[PDB]
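Let's start with one chain on its own, the form deposited in one PDB entry, as structure tokens.
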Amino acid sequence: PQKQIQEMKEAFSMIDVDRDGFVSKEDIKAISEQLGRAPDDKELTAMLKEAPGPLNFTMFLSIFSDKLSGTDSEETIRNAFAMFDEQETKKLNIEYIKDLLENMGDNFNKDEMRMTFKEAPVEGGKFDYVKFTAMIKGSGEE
């Protein structure tokens, strides 16, 4: 949307070093080992085939925008939880919600949960969904 694509934009400078305005294989793996670890060769290529067409900000912005699609809004999540906090505490019992996701429903799996709560905001037993949401996708904060 706004900063969102402009943010995504200011980011393209970054990725592209030759600053040719296009992001090649020999154009990624570089800035890769420039901010940490780089991928694998094939990975690189396997990342370019995902760019049906060659490499620019709009073929880019494309495949990217091609994901945050089939996902609900935020208040519709910061509320989907709320259905289990009957008394409006703005928090759930860490053994409650957790009980939920693995025993009943679309059966999450350990690997899935572990990776789910590995950083979840639990206080004295209370899982704060308000922000696990406010962040599952990106809180407004500044």
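Note that the rigid core is defined as the largest set of C-alphas that superpose within 1.5 Å between two forms. All residue numbers are counted from 1 along the displayed sequence.
- Mean CA temperature factor is higher for 24-32 when stretches 24-32 and 87-95 are set side by side in the entry.
- When the two stretches 114-122 and 6-14 are set side by side, the higher mean Cα temperature factor goes to 6-14.
- Each of 79, 45, 62, 56 has a CA temperature factor in the record; the biggest one is found at 45.
- Ranked against the other modelled residues of its chain, the C-alpha B-factor of residue 39 as given in the entry falls in the lowest third.
- Looking at the C-alpha B-factors along this chain, the one for residue 50 belongs to the highest third.
What follows is about the form deposited in another entry, which we do not show.
- Of the residues 100, 82, 47, 94, just one CA atom moves 2 angstroms or more between the shown form and the other one under rigid-core superposition; it belongs to 47.
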